[PDB]
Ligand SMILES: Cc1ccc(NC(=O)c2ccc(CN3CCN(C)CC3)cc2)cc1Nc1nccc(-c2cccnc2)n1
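Consider the single chain below, provided in structure tokens and representing the form deposited without the named molecule.
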């Protein structure tokens, strides 16, 4: 913590970024380096939660997870300083891309990177709880990094039970979570599949036109999204594997990763 600790004067805010809360495009003066800074203002997030988030992130070290650069946690306002990803989020990136550049191989590459980060989180006993395209970031040369959020500590064989009155992103949310507010790394696997669908559709919204009130009812009757146009059958089977009712029957991120890596190497 003292090694990550920084003076707020080391950073100059440049631009405000707004669906994420209080996140700014800042400049780390010393290195003339563009950075991203999360600020705590108006008690939008509780202090102790904000601090734990910063304490957790400094344990994270993976090429596909947004890297912590430093923190300002002595005098309010409190800062979290992370690396800046040039091209924004994966959802808007995919929607606005040149699909001749961002082709099938690049889609494969994007999934391999994400599954890599979640394989890491799987091994280090963490869960994400909001895996989606909007929460993935894109750098140069089709580099993708999963947002360090927002991570909770949880042993692989345990279950996080969410607070009461908690509202989830229903179309990304596993059945066990929708019904009993239970979360697992296997529920993150579910979300990955929905993310996997967003990639193949280049950013289309999931379960199109389907009402959120009738999603869980559809899921328990074994309804799943159809294979997108152009999607390899091998990819849809992984999607389907991620979308199985019993989380025990859902593949591990380690297994998912090897699958996509093999598909990526073989292309």
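Positions refer to the first chain, counted from 1.
Form deposited with the named molecule bound: not shown, discussed below.
Placing the named molecule onto this chain by superimposing the site C-alphas, using its pose in the bound PDB entry, gives at least 3 ligand atoms within 2.4 angstroms of backbone or C-beta atoms, which makes the site blocked. Interface residue among 107, 144, 191, 72 relative to the named molecule in the bound PDB entry, by the heavy atom within 4.5 Å criterion: 107. 235 is the sole member of 242, 225, 235, 219 with a non-hydrogen atom lying within 4.5 angstroms of the named molecule in the bound PDB entry. None of the heavy atoms of residue 27 is located within 4.5 Å of the named molecule in the bound PDB entry. In the bound PDB entry, the named molecule lies within 4.5 Å of some heavy atom of residue 231.
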